[PDB]
Each structure stands twice: as C-alpha cells, then as structure tokens.
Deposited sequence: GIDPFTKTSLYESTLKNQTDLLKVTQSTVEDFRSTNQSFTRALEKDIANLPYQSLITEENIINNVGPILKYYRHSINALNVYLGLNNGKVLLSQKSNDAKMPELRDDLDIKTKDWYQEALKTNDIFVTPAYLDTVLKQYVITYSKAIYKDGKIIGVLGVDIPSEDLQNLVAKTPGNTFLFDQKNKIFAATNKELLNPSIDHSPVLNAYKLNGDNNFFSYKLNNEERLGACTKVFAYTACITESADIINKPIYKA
C-alpha cells in the first residue's frame, strides 16, 4: 500500500521471513559438511587404533584396513573411500561388483590437493567440487592425514557426490541458491537459475555492497526485488523475491 506504517510492517515481516529461509539453506550446507567430517574422523580413529603390524605392510593394509573402508563407504553410501600412502599407492574402496578393495598405483596422488593439503593441516581438508578420476562423477572430498604415535600412516579420503549437496539445497523452502568459491552458481531451488548464461551480477553486486545477512533491494527488468546473501564456508548462499509484497 501507501501509508508508510503499512509498508514498514510488510518490509519488516518479509525481511524476517526471507532471513529465516536463508538460514535454513545455510544450515543445510553446514550439516552436510559436519556429518561428513564426523564420519571421516571416526574412520581415522578406527584406522589409527589398529596395531602397527596391521598397517606397515601393503598386504596387511589391504586385509585389515580394506574392510573398514568398505563398511564405512556402505554405511554412508559414499562414492569412494581410500587411503593414500607415501609410496604413491592408494588402497581404494569404490562403488561398483562387490570386488574387494585394491591397491591402485596410477592416481598421481602427490599432485592431488586432497593428498598434499591434508599433509599441511591437522584438520580435515575439504576440496571444492571436482571430477573424480575413479568413478567419473563430481565429488567433494574430505581428507585427513592419519597419524599413529605421531607417525604418518597415510591420507584418508572420502568422496561424496556433489549432487548430494545440490539436491539437499534444492529441496529447501524459499528461492534460495548457492554459489561456489569462484562465484559460479552451484545449487538452486529453482532449477532455471542453473542456466550458465544467467546474469547473477545484480545479486552479487548487491551482496558486495551490503554484506552477510543484510537485506537489500535491487532491480530486474526495471522491477524491484529484495534479497540477502551470506558466506557459508567458501560458498555464498542467497535468497531473492519480488518486492511486490511491500509495493502492492
């Protein structure tokens, strides 16, 4: 309407609404990451709790670590779960025909960020989404250097399809969406937003001007829209709507 009291009431209401919904999308991304981190941490602990004898020959790694990788992979429906060693080999449990985990020598692991970055932090390392060479799907990898008595055993990796996060975000309420660390569109409730030719600059420009969680106005085709974005790890989560709620 027109009376400023009424317009202010509508603006304050929709701000709260849209903020709530943005937070649900933020929570979705957070919970996905923390579930995968907890899992990875539990797997690290089970591997490190084996005696050294079970860890210090490749055959013993196959027979003693392999089943653990397999059970864990199944438990969460991961794509791959694996352990990379300093000799460049990887003990790999992959989705497939029920064949046991095997040692693979062709994964060029000392060139891979999941391997090299795990050795530079004491935390879990989380990759951007990338194309997994084993099963040829886009994954987010959680990796962790495993130590026993201070001694490196190898680098654990857990590959989760990136589509799993995309699908979780898409199911959320609200016209919410998520950009990756390069500010490309990554997930959206409205699948049309994923058209790579769409211009997101008005929303990204408005976020740059306003900051995390700060509700803003912008224009599309000379009509007014409202929205907000916030950082969530290296992602940017946004929500937008028509301003007709406050103007009409």
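Taken in order along the deposited sequence, the stretches absent from the coordinates are 97, 250 to 254.
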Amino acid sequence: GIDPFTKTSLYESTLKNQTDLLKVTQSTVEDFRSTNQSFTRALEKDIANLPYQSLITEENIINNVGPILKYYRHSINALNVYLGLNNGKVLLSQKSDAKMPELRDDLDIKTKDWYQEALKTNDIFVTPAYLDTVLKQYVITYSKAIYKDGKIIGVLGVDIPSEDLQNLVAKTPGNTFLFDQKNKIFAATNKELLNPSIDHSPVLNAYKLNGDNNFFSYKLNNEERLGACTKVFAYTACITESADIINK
From here on, numbers count along this sequence of modelled residues.
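By rigid core we mean the largest C-alpha set that fits within 1.5 Å across both forms.
A fit on the rigid core, followed by a root mean square over CA positions in 7 other deposited structures of this protein, ranks 102 to 110 against 123 to 131 and picks 102 to 110 as the more shifted one. Compared with other entries of the same protein, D97 falls in the group left without coordinates by at least a third of them, where both flanks are modelled. Looking at mean Cα B-factors across 64 to 72 and 183 to 191, the upper value is held by 183 to 191.
Relative to its counterpart among 150 to 158 and 101 to 109, 101 to 109 has the higher mean temperature factor, C-alpha atoms as listed in the PDB entry.
Highest CA B-factor among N49, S38, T57, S201, as stated in the entry: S201. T25 sits in the lowest third of its chain by CA B factor, as recorded in the PDB entry. When the CA B factors of the chain's modelled residues are split into thirds, the value for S96 lands in the highest one. In the PDB entry, a CA B factor belonging to the middle third of its chain's modelled residues is recorded for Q137. Sort the modelled residues of the chain by CA B factor and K144 lands in the lowest third.
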